[PDB]
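[1] Give the three-dimensional model of this entry:
(chains A, B, C and D, ligands or ions: 7)
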Amino acid sequence: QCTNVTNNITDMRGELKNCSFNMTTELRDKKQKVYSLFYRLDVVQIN
Amino acid sequence: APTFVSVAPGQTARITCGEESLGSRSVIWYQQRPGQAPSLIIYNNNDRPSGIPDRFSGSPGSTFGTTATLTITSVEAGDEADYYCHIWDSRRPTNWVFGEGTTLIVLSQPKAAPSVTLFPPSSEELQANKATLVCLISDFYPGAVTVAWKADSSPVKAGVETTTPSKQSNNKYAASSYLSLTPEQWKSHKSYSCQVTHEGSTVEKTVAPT
Amino acid sequence: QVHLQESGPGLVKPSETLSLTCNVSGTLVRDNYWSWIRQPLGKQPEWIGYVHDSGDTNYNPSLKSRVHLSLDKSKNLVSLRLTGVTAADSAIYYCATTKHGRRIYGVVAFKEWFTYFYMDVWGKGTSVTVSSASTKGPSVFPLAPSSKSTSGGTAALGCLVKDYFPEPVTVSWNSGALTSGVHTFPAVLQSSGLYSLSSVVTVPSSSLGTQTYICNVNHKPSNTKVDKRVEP
Amino acid sequence: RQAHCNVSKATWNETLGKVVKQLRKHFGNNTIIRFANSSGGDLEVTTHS
Ligand SMILES: *[C@@H]1O[C@H](CO)[C@@H](O[C@@H]2O[C@H](CO)[C@@H](O[C@@H]3O[C@H](CO[C@H]4O[C@H](CO[C@H]5O[C@H](CO)[C@@H](O)[C@H](O)[C@@H]5O[C@H]5O[C@H](CO)[C@@H](O)[C@H](O)[C@@H]5O)[C@@H](O)[C@H](O[C@H]5O[C@H](CO)[C@@H](O)[C@H](O)[C@@H]5O[C@H]5O[C@H](CO)[C@@H](O)[C@H](O)[C@@H]5O)[C@@H]4O)[C@@H](O)[C@H](O)[C@@H]3O)[C@H](O)[C@H]2NC(C)=O)[C@H](O)[C@H]1NC(C)=O
Ligand SMILES: *[C@@H]1O[C@H](CO)[C@@H](O[C@@H]2O[C@H](CO)[C@@H](O[C@@H]3O[C@H](CO[C@H]4O[C@H](CO)[C@@H](O)[C@H](O[C@H]5O[C@H](CO)[C@@H](O)[C@H](O)[C@@H]5O)[C@@H]4O)[C@@H](O)[C@H](O[C@H]4O[C@H](CO)[C@@H](O)[C@H](O)[C@@H]4O[C@H]4O[C@H](CO)[C@@H](O)[C@H](O)[C@@H]4O)[C@@H]3O)[C@H](O)[C@H]2NC(C)=O)[C@H](O)[C@H]1NC(C)=O
Ligand SMILES: *[C@@H]1O[C@H](CO)[C@@H](O[C@@H]2O[C@H](CO)[C@@H](O[C@@H]3O[C@H](CO)[C@@H](O)[C@H](O)[C@@H]3O)[C@H](O)[C@H]2NC(C)=O)[C@H](O)[C@H]1NC(C)=O
Ligand SMILES: *[C@@H]1O[C@H](CO)[C@@H](O[C@@H]2O[C@H](CO)[C@@H](O)[C@H](O)[C@H]2NC(C)=O)[C@H](O)[C@H]1NC(C)=O
Ligand SMILES: *[C@@H]1O[C@H](CO)[C@@H](O)[C@H](O)[C@H]1NC(C)=O
Ligand SMILES: *[C@@H]1O[C@H](CO)[C@@H](O)[C@H](O)[C@H]1NC(C)=O
Ligand SMILES: *[C@@H]1O[C@H](CO)[C@@H](O)[C@H](O)[C@H]1NC(C)=O
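    Numbering: from 1, shown residues only, chains lettered A, B, ... in the order given. Ligands and ions are numbered 1, 2, ... in the order given. See below for the structure:
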């Protein structure tokens, strides 16, 4: 679930995204919601 | 909304305005004297326009993670005013509303404690189904307002309106606080009160029906 | 020297087209940039968009649909137009010349620079308030002082004006004879748009028993004159 | 900011002039020798990966 990185759009058409995902952790039953950054070329849209 | 900063005459001032810097900034500072129009002090951070003294200095916009800062050293009496900052952040969109200004005030004489006088709503007002408490605050300096209405144990947040403090040809300022209630509410609680704090010193006076 | 004059009606009914005018002297209206800045009472200013020749004009995104701007070289003036005003538009509208700037943090080949604006010379402005309230006669109420309140004497005393519009109101005591210990705190503009003013007087606790304490309220727009006697 | 590569134009113009001179030996002294852009392919082939 990505949100475009903080930028002033003058076109800046940033490829960078800011995506939070439900990631696993050290324990099997537990999970965690962590975020990251990914360029436009690494991610595709899922309808 | 307003933020006050006390500075002794002839000493350095510290002014905070704006969010944390996410990109390279171009900060603008403005001077709004009481009643007058906002006048420009600093444009493009430390760089200033013609006719401005060097005591005003702006923090550089090259660093990231900090807030803008207008530094005034050895403040003269004329420098006291309201100061707004206009943020031009590369990461942030265009800002059309200035930041919350900082109210610089030279002490210009010793601190005075507020004189408070609380009056119950008029008996004539009960006939018109209107009840109003009046909390008068005067002979206080500086012009810092702290409204606190406590009906017995618990307070009432809504129904209160207060005006801006203004001096009346004296060091003191003029603060008047009001409260609109119903006749059945004045006889509901056992006693009301309006507390007034000033620079960390709270003064409380109560009132009870008859 | 640059002489900028801000002219406007100053009082406009709700849902009405507000129009102002900024007189300009010392320089042509077309050569320099122009901007409008309104400011609510007790709050921070607000950029209401700028205007310049060659189609250089941008608006505030919050009121972009309602705001308008225009210029004319012949008369050397700046005009502001706003349709459908409400009570939130009550502000002091300033008119100031603006200068642009170029701050570069990148290569500039890929638009890694941005333009910042700053207003150098301002004007007095005009105080514009939007309200539908008509002229209302003041209602006087007298606060009642406590009796023999303490060994310290000098009990208090005062009046109470309520629901009056518009300003100003002149408040005296005993038809000007009482001029000592007179407080007339500034009017508290209510949320409903009707001003309210109080006035208190410190009197001796001994003379509190029997004396003439009458506050007289005069209001010019309604030709109202009300006196009231205060006693414990 | 964007990732960018900066190459001096005097040197690139000078070297490019060395490559174009040699190429004429195979195709003739006076012929049009133009240089163009990538004509297609994946992101690998199209750019200087
Ligand atoms: C690949 O290539 C690209 C492209 O070549 C490279 O991109 C470059 O990357 C750099 C960093 O990676 C960037 O550096 C940053 O530069 C900026 C800008 O520096 C310039 O602009 C400054 C402001 O200029 C204005 O004010 C002047 C008066 O003070 C005035 O004379 C001037 O005309 C400008 O005014 C203009 O705007 C006014 C309105 O605002 C208007 O009224 C005016 O009429 C006018 O239109 C300017 O100060 C800078 O000049 C400094 O540096 C010059 C170097 O030639 C000096 O000659 C000059 O005296 C200044 O000195 C400063 O630096 C000196 C040491 O060098 C120091 O001694 C002195 O005290 C000063 O500090 C420049 O003109 C800067 O603000 C940032 O800090 C960065 O340094 C580049 O912008 C960017 N792009 C380019 C084209 O270079 C990329 O890096 C390459 N990558 C690789 C991997 O190779
Ligand atoms: C990519 O996406 C991720 C999310 O997936 C983004 O990560 C988020 O980034 C934002 C900031 O951009 C973070 O907000 C900040 O959170 C700080 C931590 O708050 C928590 O802990 C503090 C105590 O340590 C508690 O007080 C907080 O409790 C409160 O907040 C929650 C909501 O979060 C409310 O529900 C509660 O009622 C409380 O109010 C949290 O538990 C927080 O400290 C920080 O606050 C600063 O900024 C706010 C802005 O309104 C100010 O009001 C506040 O006073 C702080 O002000 C800072 O700046 C001023 C100068 O202007 C300084 O003077 C101050 O000292 C201070 O530095 C803010 O709320 C968010 O938490 C974070 N979330 C996650 C999951 O990571 C990435 O940023 C995003 N990145 C990109 C590139 O896009
Ligand atoms: C990270 O994982 C958590 C769960 O561990 C996600 O929270 C859940 O989000 C879903 C939607 O994707 C919520 O579903 C809701 O279901 C109701 C019907 O039951 C529907 O009406 C709503 O419209 C919605 O679809 C769910 O309630 C919610 N919370 C849980 C399961 O506790 C979270 O969204 C994940 N974050 C990501 C993937 O970024
Ligand atoms: C790439 O960057 C290097 C430096 O990292 C540049 O080398 C400089 O070249 C100039 C003369 O052109 C010298 O005056 C400098 O002293 C050199 N730098 C150092 C650290 O020695 C090089 O020219 C740059 N080339 C391009 C194409 O951008
Ligand atoms: C943001 O980009 C827009 C593009 O129109 C530009 O007009 C504006 O001045 C920029 N502002 C900032 C603060 O970068
Ligand atoms: C530089 O390139 C131009 C064509 O872009 C070419 O005409 C010119 O001759 C080149 N410079 C030299 C020294 O050959
Ligand atoms: C240049 O072209 C001429 C005429 O075609 C030819 O005679 C000669 O060998 C060529 N020289 C080179 C260096 O290619």
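
[2] Nearest residue to the middle of the chain?
    By default, I'm working from chain A. residue A:19 (1.6 Å; CA atoms, centre = their mean).

[3] Not quite, go with chain D.
    By CA atoms, centre = their mean, the most central residue of chain D is residue D:35, 5.9 Å off.

[4] Who are the contact partners of that one?
    Residue D:35 sits next to residue D:16 when contact means CB atoms under 8 Å, 6 or more residues apart in numbering or on different chains. C-beta: built from backbone N, CA, C; applies to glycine.

[5] Can you pull the phi and psi angles for the spatially most distant residue from the centre of chain B?
    Here chain B reaches farthest from its C-alpha mean at residue B:127, the gap being 37.2 Å by CA atoms, centre = their mean. Backbone geometry at residue B:127, expressed as degrees, to the nearest 10, gives phi -60, psi -40.

[6] near chain A, which residues of chain C?
    By the rule CB under 8 Å from any CB of the partner chain, the part of chain C lying against chain A is C:110, C:111, C:112, C:114.

[7] and the residues you listed as a markdown table, adding neighbour count and secondary structure?
    Below are those laid out as a markdown table (neighbours: other CB atoms under 10 Å in any protein chain shown; DSSP: H, G, I helix; E, B strand; the rest coil):
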| residue | neighbour count | secondary structure |
| --- | --- | --- |
| C:110 | 12 | coil |
| C:111 | 13 | coil |
| C:112 | 17 | coil |
| C:114 | 20 | strand |
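
[8] which one of those residues sits closest to ligand 5?
    Relative to ligand 5, the closest of those is residue C:114; by CB to the nearest ligand atom it sits at 3.8 Å.

[9] how much space is there between the closest one and residue C:101?
    For residue C:114, the distance to residue C:101 (CB to CB, to the nearest Å) stands at 10 Å.

[10] list residues touching both of those two?
    If you check residue C:114 and residue C:101 against CB under 8 Å, 6+ apart, the residues they both contact are residue B:26.

[11] quick revisit: ok, now which ones touch the residue farthest from the centre of chain B?
    Neighbours of residue B:127 in contact, by CB under 8 Å, 6+ apart: none.

[12] And for the one 4 residues further on?
    Going by CB under 8 Å, 6+ apart, residue B:131 touches B:121, B:125, B:180, B:181, B:182, B:183, B:185, B:186.

[13] Quick one: buried ones out of those?
    Of the members of the contacts of residue B:131, the ones counted as buried by neighbours, 16 or more other CB atoms under 10 Å in any protein chain shown, are B:121, B:125, B:180, B:181, B:186.

[14] got the phi/psi numbers for the last one?
    When read as degrees, to the nearest 10, the backbone of residue B:186 gives phi -70, psi -30.

[15] show me what contacts it?
    Contacts for residue B:186 (CB under 8 Å, 6+ apart) come out as B:121, B:131, B:192, B:209.

[16] Just send these back as CSV, with secondary structure too.
    CSV is the format used below for those (DSSP: H, G, I helix; E, B strand; the rest coil):
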residue, secondary structure
B:121, coil
B:131, strand
B:192, strand
B:209, coil
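
[17] Pull the most distant pair out of the contacts of residue B:131.
    Using CB to CB, the contacts of residue B:131 reach their maximum pairwise distance at B:125 and B:185, which is 12.9 Å.

[18] what are the ranges of the helices in chain D?
    D:9-27, D:43-46 (DSSP state H).

[19] how about these, which one is nearest residue A:5?
    Here helix D:43-46 is closest among these (CB to CB), at 21.1 Å.

[20] So is the closest one next to chain A?
    Yes. For a cut-off given as CB under 8 Å from any CB, helix D:43-46 has contacts with chain A, namely residue D:43.

[21] which residues touch that helix?
    Residues outside helix D:43-46 that contact it (CB under 8 Å, 6+ apart) are A:41, D:38, D:40, D:49.

[22] make it 10 Å
    Contact partners of helix D:43-46, identified using CB atoms under 10 Å, 6 or more residues apart in numbering or on different chains, comprise A:41, D:37, D:38, D:39, D:40, D:49.

[23] give me the number of residues near the residue lying closest to residue B:87 once chain neighbours are set aside?
    Computed as CB to CB, 6 or more residues apart in numbering or on different chains, the closest residue to residue B:87 that is not its neighbour in sequence is residue B:18, at 4.7 Å. Residue B:18 has 21 neighbouring residues, counting by other CB atoms under 10 Å in any protein chain shown.

[24] Then residue B:57?
    15.

[25] Run a quick neighbour tally on the residue of chain C found nearest ligand 4.
    Going by CB to the nearest ligand atom, ligand 4 is nearest to residue C:107 of chain C, at 12.0 Å. Neighbour count for residue C:107, taken as other CB under 10 Å: 13.

[26] Touching, it and residue D:4? I think so.
    Yes. Between residue C:107 and residue D:4 there is a contact at 6.1 Å, judged by CB atoms under 10 Å.

[27] picking that back up, tell me which of the contacts of residue B:131 is nearest to ligand 1?
    Within the contacts of residue B:131, proximity to ligand 1 (CB to the nearest ligand atom) peaks at residue B:180, which comes in at 53.6 Å.

[28] ok but that closest one is inside a strand, no?
    Yes. Residue B:180 forms part of a strand when assessed by three-state DSSP.

[29] Which residue is the nearest non-sequential neighbour of it?
    Nearest to residue B:180 is residue B:159, by CB to CB, 6+ apart, at 5.0 Å.

[30] how about the residues of chain A near chain C?
    A:8, A:10, A:11, A:12, A:13 (CB under 10 Å from any CB of the partner chain).

[31] So which of those are in strands?
    Assignment to strands by DSSP state E places none of these there.

[32] If any of those are buried, give me the ChimeraX selection for them.
    Filtering the residues of chain A next to chain C down to the buried ones (16+ other CB under 10 Å) takes a single ChimeraX command:
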select /A:8,12
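
[33] ok, which of the residues of chain A next to chain C also contact ligand 5?
    A:8, A:10 (CB under 6 Å from any ligand atom).

[34] Considering only the residues of chain A next to chain C, which also neighbour chain D?
    Checking the residues of chain A next to chain C against chain D (CB under 10 Å from any CB), the matches are A:12, A:13.

[35] Could you export the residues of chain A next to chain C as CSV, including distance to ligand 4?
    What follows is those, written out as CSV (distance: CB to the nearest ligand atom, whole Å):
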residue, distance to ligand 4
A:8, 28
A:10, 26
A:11, 27
A:12, 24
A:13, 26
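
[36] Closest approach to ligand 1 from chain D, which residue is it?
    residue D:6 (2.8 Å).

[37] and if you look at chain B?
    residue B:62 (6.9 Å).

[38] Could you look up the SS state of that residue?
    Under three-state DSSP, residue B:62 comes out as coil.

[39] With adjacent residues omitted, what lies nearest to it?
    Nearest one to residue B:62, counting by CB to CB, 6+ apart, is residue B:24 at 6.1 Å.

[40] tell me the contacts of the one you found?
    With CB under 10 Å, 6+ apart, residue B:24 has these contacts: B:60-64, B:88-91, C:103-106, C:112-114.

[41] do that again at 6 Å, thanks
    Counting by CB atoms under 6 Å, 6 or more residues apart in numbering or on different chains, residue B:24 touches B:61, B:90, C:105.

[42] now, which of these sits nearest ligand 7?
    Ranked by distance to ligand 7 (CB to the nearest ligand atom), the contacts of residue B:24 are led by residue C:105 at 49.6 Å.

[43] which residues touch the closest one?
    Residue C:105 neighbours (CB under 6 Å, 6+ apart): residue B:24.

[44] make it 8 Å
    By CB under 8 Å, 6+ apart, the residues touching residue C:105 are B:23, B:24, B:90, C:112, C:113, D:1.
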